[PDB]
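A.B. asks:
Number of protein chains: 6
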Amino acid sequence: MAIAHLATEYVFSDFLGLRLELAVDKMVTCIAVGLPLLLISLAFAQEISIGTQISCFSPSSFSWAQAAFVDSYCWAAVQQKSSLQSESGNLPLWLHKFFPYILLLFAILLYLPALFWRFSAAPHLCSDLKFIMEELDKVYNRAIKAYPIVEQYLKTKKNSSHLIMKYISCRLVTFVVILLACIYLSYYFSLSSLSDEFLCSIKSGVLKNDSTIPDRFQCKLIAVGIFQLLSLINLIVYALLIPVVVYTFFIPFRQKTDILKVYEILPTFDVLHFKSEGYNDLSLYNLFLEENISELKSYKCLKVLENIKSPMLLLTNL
Amino acid sequence: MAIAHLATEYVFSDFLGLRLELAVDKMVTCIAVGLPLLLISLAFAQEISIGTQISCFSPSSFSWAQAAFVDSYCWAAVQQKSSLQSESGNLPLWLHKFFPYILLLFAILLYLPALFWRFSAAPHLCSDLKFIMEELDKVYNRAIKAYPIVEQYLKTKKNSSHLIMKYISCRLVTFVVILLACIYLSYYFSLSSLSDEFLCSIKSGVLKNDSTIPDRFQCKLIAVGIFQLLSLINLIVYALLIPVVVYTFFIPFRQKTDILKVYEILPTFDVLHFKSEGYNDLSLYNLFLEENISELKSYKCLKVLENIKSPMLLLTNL
Amino acid sequence: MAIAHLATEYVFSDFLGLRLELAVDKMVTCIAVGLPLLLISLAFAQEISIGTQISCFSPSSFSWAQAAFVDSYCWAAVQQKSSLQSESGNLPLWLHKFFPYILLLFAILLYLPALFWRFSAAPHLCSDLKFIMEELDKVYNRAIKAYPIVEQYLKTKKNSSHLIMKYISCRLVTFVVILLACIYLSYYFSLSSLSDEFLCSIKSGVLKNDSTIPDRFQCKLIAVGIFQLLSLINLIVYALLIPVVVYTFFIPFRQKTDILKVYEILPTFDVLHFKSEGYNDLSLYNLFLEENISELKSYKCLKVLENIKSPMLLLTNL
Amino acid sequence: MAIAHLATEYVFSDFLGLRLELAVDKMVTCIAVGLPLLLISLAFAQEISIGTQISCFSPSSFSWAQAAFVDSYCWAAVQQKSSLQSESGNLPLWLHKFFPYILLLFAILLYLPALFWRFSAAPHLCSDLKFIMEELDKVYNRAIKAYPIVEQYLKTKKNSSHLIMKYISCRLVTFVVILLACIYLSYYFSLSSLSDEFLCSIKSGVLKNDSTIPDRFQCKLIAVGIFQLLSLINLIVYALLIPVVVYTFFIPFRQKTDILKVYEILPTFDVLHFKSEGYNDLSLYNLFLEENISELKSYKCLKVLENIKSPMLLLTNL
Amino acid sequence: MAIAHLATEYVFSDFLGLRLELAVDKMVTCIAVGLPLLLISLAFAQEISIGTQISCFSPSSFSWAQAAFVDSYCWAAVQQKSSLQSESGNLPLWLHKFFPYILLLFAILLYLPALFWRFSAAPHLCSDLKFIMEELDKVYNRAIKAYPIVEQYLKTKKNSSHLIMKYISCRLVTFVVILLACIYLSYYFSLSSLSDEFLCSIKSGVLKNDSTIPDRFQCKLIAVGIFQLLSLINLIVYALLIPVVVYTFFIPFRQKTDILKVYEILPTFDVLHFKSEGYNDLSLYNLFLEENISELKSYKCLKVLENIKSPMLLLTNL
Amino acid sequence: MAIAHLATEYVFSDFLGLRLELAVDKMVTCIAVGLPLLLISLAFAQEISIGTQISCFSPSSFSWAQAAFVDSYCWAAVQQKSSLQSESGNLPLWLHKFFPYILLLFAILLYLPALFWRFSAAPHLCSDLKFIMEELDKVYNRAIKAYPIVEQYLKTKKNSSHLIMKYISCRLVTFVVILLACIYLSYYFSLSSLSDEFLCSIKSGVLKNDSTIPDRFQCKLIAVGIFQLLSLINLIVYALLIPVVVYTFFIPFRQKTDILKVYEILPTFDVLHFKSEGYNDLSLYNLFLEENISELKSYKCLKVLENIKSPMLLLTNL
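Residue numbers (PDB author numbering), protein chains in the order written: chain D, 1 to 16, 27 to 156, 192 to 355, 362 to 369; chain E, 1 to 16, 27 to 156, 192 to 355, 362 to 369; chain F, 1 to 16, 27 to 156, 192 to 355, 362 to 369; chain G, 1 to 16, 27 to 156, 192 to 355, 362 to 369; chain A, 1 to 16, 27 to 156, 192 to 355, 362 to 369; chain B, 1 to 16, 27 to 156, 192 to 355, 362 to 369.
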């Protein structure tokens, strides 16, 4: 398995029939969530993890048992206010210990907006795309055979901003969490490397009077050199996601082609060039249609005709 | 696997054809049960668990065997009244040792109300939704073709409070267990961190007279720093679930739309605007219908007509 | 996996098309068998199991090899009459060692009555429910179209007590084993905690004359603190099962509804209100029917009519 | 997994469409083979197995390497005639070491008779039951419509003792192996517990002259206390199987009901009350029929009629 | 898993639609190959394997590192001519080390003849049985309706010895390998048990002049006591296979019944009582037919008639 | 699992609907690739691998840490020119260390020619066999009913040498790699066994002046005794493959039967006895046909007729 298992599991697999999520939003989500899980898995892979997260230089007179006590006591001490000293103050010692949980927190907080979309909006969308697609097939079938119900339905969706507010807020939560992650990772990468070293003391309680124990044990958080390097990789990738997520808000500019023009070739259709530059749900339906209706037989036939036209009897010989 | 396995297993998977549980109740249950299982799994993950739960500072004259005896004897001693001293009293030492079992107890106690619902109420519900849905399809088919059995059936369900009392009590047990968990976790997080340190003594029995053994061994429960931190995460999330669970009791306010109005467009139907503001089973059926009948072809057709109307021949050209 | 695996395996899964076991008997069996298997799995989970079950305080002059001999010799000695002393006598040391096997014994002994039912009675039942259900569908079909073979068959089952004696004895064996478990667990929980400590001696045979070996080694069964706590959980749950199992014997009182009255609406049926208050197999068939025939289309139709009646042409418009 | 895995694997699962083995013979075989495999799995489960099977008290002057040599040399020595002493003689030391293989031997030797039946007799049987069952359905179909080939075939099977001699010998081999196991386990349980202790000596060859090595090392087979206890469980269960296996030989008494009487109700059948009290293959066919033909639709119909009779037009209204 | 896993994997499972191998040859092959694989798996099972295959008694002055060097150097030395002494000579030390590979060699060499049969002969056979079986069904269908192509085909196969020479040679290779295994195992079991002990010397090269190192280290191959015992089990079983394999050569005597006589009842068939006592391929086809054509509906019908006869209109009422 | 797993995985399984590879070439490839993978798996199986690949005799004054440094430093040193001495020179120490990679290299280099055939030639072949087979079925169907397109197609394939040059070159690469492997393994088996011993020195850098460190450490590559033995097994098997691979080049001699003669019985066919003794693709098609068309119903019928003939109305009664 080694490292190479992790590539098969988190890179070569979609580890997370209509497309109810746009490809950009799927890739943004899969990168944003999948990367920190990979980085955590690498940071502790036995190819690079030598052993314990901590070690401390106990005096040579200590038994092996007393040395194991010092190591494990000081691993507990890193989060206890009195039994420490470091010139950085105690704060970075928390981050060095809890680094994998903090990345896991960002991984989950970046997943929740997509999970909310899957449950709050996808089923409310799925019904209506299926309706619109089947009605468009009737419009095509009628033209080959040769009421405006779907046109009146879409004209009604133009008078609404319910789903688009769910979508924008889902994107906006993802944006904020990515920005906060970039701020955190920039700070954590700024920690001076020697803040992985700190002075411990076991002289709490009964041991406080024992003259055979030194007043300080020097300890090192061996893994910190890995975490800081991997935090820079994470910071770079998220700094690239930021402008992509911002681009997702520009819905009325994201509509690539006015596909309904391909049906507006037909006399059975209507001038539904309804590029709503106001943020209205119909504009978001257009994006989901442009993602899905490439599957439609009618679209394929009419787009071929449109591309060649760039004559209805031709449809009979297709 | 590492930490990242746990995300795939407990976050990215529904690890727990009609929907017989409401989406809010499924998410509340899946969070309430799934979170402590994740937190237990994290608290002992080898990325953060250094080793043994305890260590004790045996004298340097002790053999490695005698030191391993002290560690393991004191791990047993934490729950034995005489062989301990701590300024906190003995009580917190129990909680520090048994922390994973106590979270597991809350996980199970939060699952049982949903398991009871699955067995006590779901099959008694499943038959009746299927009946109601199929009869509504007849009402729609009759209107396209153009006895009040389902109307009389629903009118009879209005005269009952059997299933709603099962539902409310199921919710109420979940509420109480969540509140008790929040009380416990608030206390456990309030324990002073140095209560992870205690004084042990092996001088029971034969050892009582041995002058070579010190009267106290200082011991530390190394994991306690993790448990207290993770208890705060658990407390925060459950403190957010509390108001959501309370909201579930407001059944007559939870009905979002009077969907039967969409069928009351038809002359074949009746004025079943039976928003029972009394807690009557029909009101709970309305919630389960609003969860399920979005799947009905008749609803889809009539809701499109209703939305456009916001003419029966139109149904022939759909 | 950790602890949380055990919840997925033994709580969230039915780890054990007609329903040939009543839901109460399935839940009683699944709790009675499933709980001790979970408790065994917890008691040795590495989240709480520190290491070896025993440790002994060998003198500081002993090599690591001699100390490992003392530990392992005394683990054997706990069941050997001469090489021990404890103020409790030797008996509790057996129970402390063999605790997981004793729980496993109760787990199996509680499963066997259900396994016997599956093989001795379920196939003899399965044929006859299928017969009765299909004949009741004929009675319903005949009434819609508008010999007493099934009525005469059921009237004959009233003259028998074969299957009910199998059922009662199956329940009675489960009752006895649960009561014996409660007695045992009450005793084992009553053992004074310091009975986990005992005095060992290796001075058998050749070692008997060696003045360098101490006459007693103090040893502790580190796990005993877990077993006693978990035995209280097991005792509490089984003490709740006892009255539920007792309730199962009251077969003629357990019949919730006289469902055949719903068919006795029809003129094609007969007055089979045969609530046998004598313990006769027909009464047990009624319970299995009330568990199964909620699946019947005829029952669903006629129960809707019965509920509304609380007219045969109405059946034509269903 | 722990202990509880073993319950799921060997108790709650049939780990070993006609029924070609009688239910009694399947249960006898599954207990006889399945129990020792479970007992072996328990005896070495890490919940009770502390560690190595042997330990020896090497002098304190020995290095850890020399002590590990003594332990492993003496584990080899238990089966070597000269390098041992025990007051029991050497024999029980073999049994204590090889205990799991000896149970495995009994497990396999008890399986082979069932494996022989599956290959030597089951396919020779399977054809003929299918023939007999289908011909009986013709007899029933003919009576509803209203040559003795199957009657003449069964009358010919009465003149044979081929299959019954295979069956009896299969049962007899199982009986003998169970009895030999009970004899062995009774002996092994009779071994005095201190026969787990023996005196080893490494002074073979070059070491023979070394005055620094003691003439005897005391050793203990730590696991023997488990094996003796588990042997008593195995002995008890097999002592219960013995009378059940003996009962299987009484084939002409095992026929519970003269099921062909249910077909002898029909005028199309014949007086095949052929309860052969001589050990003739037809009598064994009767047992396999009584195991299988409860599946036949004809039997179900005619048994209902027979039970009510306890009229052929009635068959038309079933 | 333990030992009991191995029973499930190699005894209770066929771990290796026409039957293209005779049942005797399948069982011989499955025993011959499957047994040594089981014995290897047992010989190193952790229930009996204590640890390392070797240990050597290094002087007490040696560090743990130097002792581990002696053990591992001598494990290499067992196959090096100069750095050894044993009164047996060096030869048995090879066999003791390489015992599992030598059994694996016999396992593979016993499998290859069956693998050759599967590829060299089974597809050349499979076509012709299917042909013969279907033509025999025509002969039966013609008799019920009431050219000798299949008879002329079988009469031609009588004039050939191609497939029988493949079969005999396949059996003969299996015989030779089994006999050689029995010779080897008899020798290996004859090795005096103390040949597991040998004298090693590390004084090669630079160490040759070091006066602190003893001239010989005594070493023991701890596992040899297991291998010799298991070799006797293997020898016994293979000594039972030898006469069974020899019996397989007697093809013209192995034909149990002249099944074509059952078809020679029909006037549409011919006197194909072609029991070739010369070793001719048709005789081998008879064995494969007697293995397969028990599946034929025609055979079942005609054998019932033959058994009763021990009239063609009777076939119409079957 | 042990050794026996490896037999199930690499011997009893085809671990690598037309047959697009000839059976000889499949077996040659499966042996050539499968054997070294098995041998690698054996050479490190824990049944024979004692532990570390190296050990070195550090002085008794060294701490366990310093000894582990010497072992691991010298494992690195075996491939570093200055920090070694051996009378063999440094070269064999590379081969002893990298032995498993070198076998893996041969395993892959022997697989690539078959992988190239699967992608470069198999799909270009697959279409044309399907064409030829279906056209031959027309020729047979026409004769039963009673243009030379397939004959003209095959006559055109005679005028080509495209596919045969791909095939020969694929075989030739396999031949060369097998011969180079035999040369390498012969050399590696010729290495004097004591070349597993070498003199290391840690006195690089800072240690160069330390008088407490000896100038040489003797080290041994413990595994080398296994590798040399297993290399002889590999050499023997590949020396047997060499003449088989050479035989594959004799394509015009490998054609076993002139199967088209069986169709040339028909008047609808033509004298396609086109045994091209020139290396022309049609000759290679003949081999693939002789591998595949034994599946054809037409071939089976006509070969039966041909064998009996060794009359066309006979085909009507088949």
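Each residue gets a CB set at the ideal place from its N, CA and C atoms; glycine is no exception.
1) In the DSSP assignment, the beta strand (DSSP E) including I64/D goes from what residue to what residue?
2) Residues of chain E with CB under 7 Å from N352/F, in chain order?
3) Return the chain-ordered ranges of every alpha helix (DSSP H) run that is complete within the region 268–316 of chain B and spans a minimum of 4 residues.
4) In chain order, what residues of the region 248–261 of chain F put their CB closer than 8 Å to some CB of chain G?
5) Counting only Cβ pairs nearer than 7 Å, list the residues of chain G close to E57/A.
6) Rounded to whole angstroms, what's the CA-CA distance from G61/B to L52/B? Just pull it up for me.
7) Give me the chain E residues within the contact set of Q63/D, using Cβ-Cβ distance strictly less than 7 Å, ordered along the chain.
8) Please report the straight-line C-alpha distance between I58/G and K107/F, rounded to a whole angstrom.
9) Measuring CA to CA, which of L120/E, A226/E, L32/E and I194/E is closest to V218/E?
10) Between the region 65–88 of chain A and chain G, which residues of the former have a C-beta closer than 9 Å to a C-beta of the latter?
11) Does the separation of the CB atoms of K202/E and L341/E fall below 8 Å?
12) With the cut-off set at 8 Å, would you say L305/F and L286/F are in Cβ contact?
13) Give the DSSP bridge partners of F262/D, in chain order.
14) Please confirm if the region 92–106 of chain E is in contact with the region 114–133 of chain D, defined as three or more CB-CB distances below 8 Å between the two stretches.
15) I need the boundaries of the alpha helix (DSSP H) containing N151/D, first residue and last residue.
16) Using a threshold of 7 Å, is the CB atom of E97/E nearer than that to any non-hydrogen atom of the ligand MN?
17) Which of the three DSSP states, helix, strand or coil, is assigned to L199/E?
18) Would you check if the distance between the CB atom of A156/G and the CB atom of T313/G is smaller than 8 Å?
19) On a Cα-Cα basis, can you pick out the residue from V307/B, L244/B, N325/B and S65/B that is closest to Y150/B?
20) Would you call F54/G buried or exposed, if buried means 16 or more other Cβ atoms sit within 10 Å of its Cβ?
21) Confirm, please, whether the CB-CB distance from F294/G to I209/G is below 8 Å.
22) Might you give, ordered along the chain, the residues of its own chain that have their beta carbon closer than 8 Å to the beta carbon of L244/G, omitting 5 neighbours on each side?
23) Under the three-state reduction of DSSP, which class applies to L364/D: helix, strand or coil?
24) Among the candidates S82/G, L311/G, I310/G and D303/G, whose CA atom is the shortest distance from the CA of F319/G?
25) Rounded to the nearest angstrom, what separates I112/F and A2/F at their Cα positions?
26) With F67/F and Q76/E assumed to form a contact (beta carbons below 8 Å), what rounded beta-carbon distance in angstroms separates them?
27) Take every Cβ of the region 232–240 of chain A, pair it with every Cβ of the region 29–40 of chain A, and state whether three or more of those distances are shorter than 8 Å.
28) The alpha helix (DSSP H) that contains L225/G, what's its start and end?
29) Counting only the same chain and skipping the five closest in sequence on each side, list residues whose C-beta sits under 8 Å from that of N337/G.
30) What three-state label does DSSP hand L28/E in the structure shown?
C.D. replies: This is what the structure gives:
1) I64 to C66
2) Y198 and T201
3) 269–293, 296–299 and 305–308
4) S249, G250, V251, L252 and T257
5) Residues of chain G with a Cβ closer than 7 Å to the Cβ of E57/A are, in chain order, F54 and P110.
6) 14 Å
7) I60
8) Pairing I58/G with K107/F, the inter-Cα distance amounts to about 8 Å.
9) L120/E
10) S65, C66, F67, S68, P69, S70, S71, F72, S73, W74, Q76, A77, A78, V80 and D81
11) no
12) With a cutoff of 8 Å on beta-carbon distance, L305/F and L286/F are scored as not near each other.
13) As DSSP reads the structure, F262/D sits in a beta bridge with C245/D.
14) no
15) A132 to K155
16) As far as ligands go, the structure on display features none, and thus does not contain the ligand MN.
17) Under the three-state reduction of DSSP, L199/E is assigned to helix.
18) yes
19) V307/B
20) buried
21) no
22) For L244/G, where only same-chain residues beyond five positions count, the Cβ hits under 8 Å are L94, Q95, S96, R261, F262, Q263 and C264.
23) helix
24) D303/G
25) 24 Å
26) Indeed, because the Cβ distance is near 6 Å, the residues count as touching under 8 Å.
27) Because the criterion of three Cβ pairs below 8 Å is not met, the region 232–240 of chain A and the region 29–40 of chain A do not touch.
28) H207 to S235
29) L28, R29, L139 and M143, listed in sequence order.
30) coil
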